[PDB]
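Taking it in order: structure first as C-alpha cells, then the write-up.
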Amino acid sequence: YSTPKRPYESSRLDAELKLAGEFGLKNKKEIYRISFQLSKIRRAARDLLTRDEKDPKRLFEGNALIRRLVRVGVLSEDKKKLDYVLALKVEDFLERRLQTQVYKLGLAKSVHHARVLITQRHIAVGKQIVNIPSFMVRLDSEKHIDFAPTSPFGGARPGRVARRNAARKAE
Amino acid sequence: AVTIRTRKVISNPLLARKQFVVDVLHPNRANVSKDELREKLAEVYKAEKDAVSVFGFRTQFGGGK
Amino acid sequence: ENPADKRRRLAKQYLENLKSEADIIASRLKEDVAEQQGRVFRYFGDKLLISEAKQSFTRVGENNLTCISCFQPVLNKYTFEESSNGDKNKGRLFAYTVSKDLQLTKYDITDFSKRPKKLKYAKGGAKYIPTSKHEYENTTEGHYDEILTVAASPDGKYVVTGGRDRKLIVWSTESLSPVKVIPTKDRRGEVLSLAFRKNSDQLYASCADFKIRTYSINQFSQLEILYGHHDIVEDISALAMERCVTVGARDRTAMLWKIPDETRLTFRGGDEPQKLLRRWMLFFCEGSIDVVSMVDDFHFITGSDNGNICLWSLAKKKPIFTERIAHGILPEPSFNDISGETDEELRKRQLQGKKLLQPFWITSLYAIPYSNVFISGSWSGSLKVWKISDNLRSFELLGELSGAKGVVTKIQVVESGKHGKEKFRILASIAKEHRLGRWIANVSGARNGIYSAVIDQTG
Amino acid sequence: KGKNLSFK
Amino acid sequence: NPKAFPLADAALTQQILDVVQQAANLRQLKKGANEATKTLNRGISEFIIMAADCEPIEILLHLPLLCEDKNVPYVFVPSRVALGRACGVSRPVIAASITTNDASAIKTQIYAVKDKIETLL
Amino acid sequence: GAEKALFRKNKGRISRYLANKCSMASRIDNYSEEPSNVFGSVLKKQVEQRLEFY
RNA sequence: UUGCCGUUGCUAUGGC
C-alpha cells in the first residue's frame, strides 16, 4: 500500500468514514491498500490507452487486463474495454471482498456479523475454509460460499457453549 | 473413514523401489500416524511393512486432508 | 482341495460349458473382460425386435411412484460365484420401488412372462420425525418426508434409499430392516439421485446442496464430498470405473468426476437458436439438464427440459450430436379455456398462434452399460428406444413402446438367457406427477404403476 | 496410476 | 393484439428465469399474482414476470395496468409450469415480482434483464 | 364486504376462500370485452367442493 | 393387478 497525498483533507476523512461504515473495515490501511491496487491498475490502463490502437502490445496487454478484471468480477462482461477499466472505483473492489459477499448472500445479518463469522472459521469457499475477510471472491467462487462442514452452523456437532449448557441442564 | 490415494507413481529400479505422492483424506480426525499409513500402503501394494517409508506430511489448512 | 484347485475345477467346468455351447471359445473369453476395457462391446441394437415387445402395465397403490431400482445377479468370472446374497436367492431378479407415500416396496421379476409379484415392504410416517432438530441427530430408523430415490447394491445384500428428509437409510434386502442411517448433515442436503459403482460397494449420492457425497456401504462410512456445480445436482450415473458423471440442472452443465485424480471435466451445451435458424436458412432454448446415463467410460448422454437428447465425449467439451425435440411438442392449450371471452375468434387470438407451444421434458434416460442402445422417457405416452451408430458419432430412433402412460420417473433394464440368445425386460416407474415436484399439469389417462416390456432378440 | 483404499 | 403481450423469446426467457431462481435463493422473490399486486402498491417491485399460458389469462391482466401506472417493467414468459420450477416452489406460478434492493448480490443481473424488458416493451 | 358480511373458525376459512375466488371472478369480467359465464361456474363448483370438505 | 370407487372377464383397464 501507499499513503495518500494529503491524508487530512476533510472530504477524504468523510469518504474514509463512509467506506469503513458501509464495509466494516478495521482501519484506513485497508482502504489505502485497495486504493493502491486500483491506482496501479488504472495507471497501466492509461499507459495502454496512450499507445495507438492495433498496437500489438496494446492488444495483448489490454485483453489480458480486461480478462483478469472480468475474472475477479469487478468489470462486467458487457464492458470489456479499457475505457471502462478507467471508470473503476474503490467501492467496486470493496464489494468483491469475502466479508461483503457473505453479508449479501444472506449468511450473515450484518457486515460485522459476516466478519465475525469469517474470522471464526465458519465460512468455506468450495472445500477450503477461509478465515481472511479481505479474500477477493471471483465470479465462479461467488456462489460456492457456504458454511464449512466443521462449523456448528454447517452440520457438525454444537459448539462448546451449546453442549456445555446441555450437559448442565441434563445434570 | 479415511482414504489413501497414491498419485504420480514412478518405478525406480536403480534404487529398487516405487515412489509416489500420498494423499490422505481423513474427515473428522486429526491425522494418520505414519505407522498406520505404512500398514495400509504395505497391504495395498502387497509388500512388507518394513519396506514402506513415508515422510514430508503437511495437513492442509482447515483440516480434512 | 487347495484353493488353486477349486478355481481350477470351476475354471475347467466353465470351459466345458462354453465348449458345449459351441475361435468362438477364445472370442467369448475376451468378451468376459471387455468390461474392464471401457469401450462399447455390446452391439445388439439391430438384433432387437421392438415391434414384437410384450408390454404390460401393473398398477400400484402408492401415489406418485417416484423411483425404481433393479438388482440382477451376475456370475463373477474371477471366482465363478453368483452375485446372489444367499443360497436361496440363486438366479432371482428383484426390483425395488419408492414413492412419495414414504413406502419402499420390493418386487420379484424373475419370471418375464409374469408381472412383478410383491414380496415385502416397509412404510414410514410421522412416527419417525426427529425431536432434536439438529442435523447430526437426524438418525431415526424410518422416513418422514418424500422418498425420492432408491438403489440396489450390486452385491445383493443392501438396498439404500434417500429423500427430502436429508437422510441415507440402508436396508437389508431380505427383510427391509433398516440397519444404518447416515445423515447428510446439511440443512438443504436433500438427496436427489443415487448410483452404485458397478460391481462395487461404493455409492455416489447427489444432494440438493450442490454437492456429491460418496459412501462405502460395506464400512457404513462417508469418504469424500465433491464440489463445483452451479445449481442442484439432479442426477448422477456411474460405471465400472470411478468416473461418475452429473448434471447440474439449471446451471446447464454436465461434469465428469475423476475421483482418484481429484479433477473434473466440465461440459456445456451452448446451443443458441439464432444460429440454428440461420443454419437452416421451432427451436427452444435449453433450461436445464435433468437426466444423465453413461453409455461408456468415454461417452455419456443427457436429456434437457427442451426435449434435447445430447451425446457427449470426454475429448470434446461441446456435444458431438444433438436430437432436438426428441419427444415432440406438448398439446396446445384449449381455446375454450385460454380466455373467458364469448367469441371464439377472440379466444383463438390469445393462443398467439404457435408461440405458446413448449416441448416435452426428458424425465428419464437410461443406457444399457457398454451397449449401443438407450431408452428415453417422458410423459408423451411412449418409451423411445434409440441406437447409437457404430462410429459413436450419432444415434437414430430404433422404435417405440406405447404402453407407458404418465410421467416416466425412472427406467431400468434387466436381461436373461444364454449369451447368444438374450431377452431384455424394460421396467419403468410411471407416476401422475413429476418426481421432484407437482408442476406438470395432470396427464389424461396417467396412472401410478410399474410399466414393463419384454423384448426378444432374433437374427 | 495409483491405488485406493478406505479403512475404519 | 393478443392480451398476453409482450411475450419474451426463448433467448430472453432463459435469462429471465435464471434471475428468478437466484432471487428465490436470496429471499428477493415474491411469488403469485396477489403478492405481485401488493408489491406494486407499495412501490418495491423492480419488474413483474407473468405467465402467458395462464388458464384464463384474464386473472392476471390487472398487473399490466398497475405495472404501467407505476412505470414498472413487465414481461410474459410462455410457460407457467416452467416459471414455477424456476421460482423454487412445487406448484405452477402465474406471476412473480422481483423486490427492490440496491444491496442485493444479484443487482447487476437484475438490471441487465430489466434493460432488455424495457427495450422489448 | 366485511361490514355487511357479504361473504359470510371453519366459517371464516370458507369466507376467505370465497374472497379469493370472488377476486378472480372480477378480473375475468373486467378485462374481457364479452365475458362468458363458463369460468364463473367452474369457479363456483370449486368452492362447493371446498364447502363439502370442511 | 388396485388405497377407494366402477366397468370388463372366469382376465383386462376407466375415475378420485
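Residue numbers (PDB author numbering), protein chains in the order written: chain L9, 12 to 182; chain LF, 4 to 68; chain SG, 57 to 78, 115 to 373, 395 to 572; chain NV, 725 to 732; chain SF, 5 to 125; chain SA, 337 to 344, 370 to 415. Yeah, the Cβ is synthetic: ideal placement off N, Cα and C, and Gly gets one too.
Listed by chain order, chain SG residues near residue i by CB distance under 9 angstroms
i	result
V85 (chain SF)	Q471, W552, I553, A554
Beta-carbon contacts of residue i that lie in its chain and below 8 angstroms, excluding the five residues immediately before and after
i	result
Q525 (chain SG)	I160, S161, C162, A187, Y479, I539, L540, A541
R95 (chain SF)	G88
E399 (chain SG)	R344, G361, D363, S417, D418, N419, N421
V325 (chain SG)	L284, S285, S298, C299, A300, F302, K303, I304, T338, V339, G340, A341
Contacts that residue i makes with chain SF (C-beta to C-beta distance below 7 angstroms)
i	result
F400 (chain SA)	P60
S393 (chain SA)	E62
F397 (chain SG)	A14
Any non-hydrogen atom of the ligand FMN closer than 8 angstroms to residue i Cβ
i	result
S145 (chain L9)	Looking for the ligand FMN in the displayed structure turns up nothing, as the structure carries no ligands at all.
Closer than 7 angstroms at the beta carbon, the chain LF residues around residue i
i	result
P352 (chain SG)	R8
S308 (chain SG)	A4
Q311 (chain SG)	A4
Straight-line gap, residue i to residue j (C-alpha atoms, nearest Å)
i	j	result
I142 (chain SG)	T415 (chain SG)	23 angstroms
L97 (chain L9)	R57 (chain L9)	7 angstroms
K725 (chain NV)	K111 (chain SF)	47 angstroms
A4 (chain LF)	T306 (chain SG)	11 angstroms
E509 (chain SG)	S406 (chain SG)	17 angstroms
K290 (chain SG)	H29 (chain LF)	25 angstroms
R8 (chain LF)	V47 (chain LF)	11 angstroms
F164 (chain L9)	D278 (chain SG)	9 angstroms
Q48 (chain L9)	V101 (chain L9)	9 angstroms
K523 (chain SG)	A332 (chain SG)	21 angstroms
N398 (chain SA)	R460 (chain SG)	14 angstroms
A27 (chain SF)	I77 (chain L9)	28 angstroms
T43 (chain SF)	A428 (chain SG)	50 angstroms
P446 (chain SG)	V117 (chain SF)	28 angstroms
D115 (chain SG)	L284 (chain SG)	47 angstroms
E144 (chain SG)	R437 (chain SG)	28 angstroms
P10 (chain SF)	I451 (chain SG)	17 angstroms
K406 (chain SA)	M385 (chain SA)	14 angstroms
Proximal chain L9 residues relative to residue i, where beta-carbon distance stays under 8 angstroms
i	result
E72 (chain SG)	Correct list: empty, because the minimum Cβ distance to chain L9 is about 54 angstroms.
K225 (chain SG)	Within chain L9, no residue comes near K225 (chain SG); the closest Cβ sits about 12 angstroms away, beyond 8 angstroms.
6 angstroms CB neighbourhood of residue i in its chain, flanking five on each side removed
i	result
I351 (chain SG)	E334
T202 (chain SG)	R184, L185
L260 (chain SG)	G254, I274
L286 (chain SG)	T241, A243, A297
Residues that DSSP places opposite residue i in a beta bridge
i	result
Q294 (chain SG)	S308 (chain SG)
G254 (chain SG)	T241 (chain SG), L260 (chain SG)
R342 (chain SG)	According to DSSP, which records beta bridges pairwise, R342 (chain SG) is partnered with nothing at all.
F414 (chain SA)	The partner list for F414 (chain SA) (beta bridge, DSSP) is empty, contrary to what the question assumes.
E528 (chain SG)	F537 (chain SG)
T415 (chain SG)	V405 (chain SG), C423 (chain SG)
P396 (chain SA)	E454 (chain SG)
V27 (chain LF)	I7 (chain LF)
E316 (chain SG)	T306 (chain SG)
Chain-order list of residues whose beta-carbon lies under 7 angstroms from that of residue i (same chain, five-residue window excluded)
i	result
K52 (chain LF)	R41, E42, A45
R62 (chain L9)	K68, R69
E123 (chain SG)	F133
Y95 (chain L9)	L86
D157 (chain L9)	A135
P222 (chain SG)	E229, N230, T232
Neighbour list for residue i in chain SF, Cβ cutoff strictly below 8 angstroms
i	result
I375 (chain SA)	Chain SF residues near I375 (chain SA): none, gap ~18 angstroms exceeds 8 angstroms.
Chain SG contact residues for residue i, given Cβ-Cβ distances below 8 angstroms
i	result
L28 (chain LF)	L315, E316
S397 (chain SA)	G453, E454, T455
Interface residues of chain LF facing residue i [CB-CB closer than 9 angstroms]
i	result
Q139 (chain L9)	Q63, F64, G65
Contacts that residue i makes with chain SA (C-beta to C-beta distance below 8 angstroms)
i	result
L65 (chain SF)	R388, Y392
Listed by chain order, chain NV residues near residue i by CB distance under 9 angstroms
i	result
residue 573 (chain SG)	Examination of residue 573 (chain SG) is not possible in this model, given that chain SG is present from 57 through 572 alone.
(request) Assess, as a yes-or-no matter, whether the region 462-476 of chain SG is touched by the region 500-508 of chain SG under the definition of 3 or more beta carbon pairs within less than 8 angstroms. (result) no
(request) Evaluate contact between the region 545-560 of chain SG and the region 67-82 of chain SF, counting only Cβ atoms and requiring at least three cross-stretch pairs below 8 angstroms. (result) no
(request) Inspect the CB distances between the region 209-222 of chain SG and the region 261-270 of chain SG and report whether three or more fall short of 8 angstroms. (result) yes
(request) Spell out a yes or no on whether the region 26-44 of chain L9 and the region 58-73 of chain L9 are touching, meaning 3 or more CB-CB pairs, one atom from each, closer than 8 angstroms. (result) no
(request) Would you check if there are 3 or more beta carbon pairs closer than 8 angstroms linking the region 103-121 of chain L9 to the region 133-150 of chain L9? (result) yes
(message) Measuring CB atoms only, is the region 101-108 of chain SF touching the region 43-52 of chain SF, in the sense that at least three cross pairs come out at less than 8 angstroms?
(response) yes
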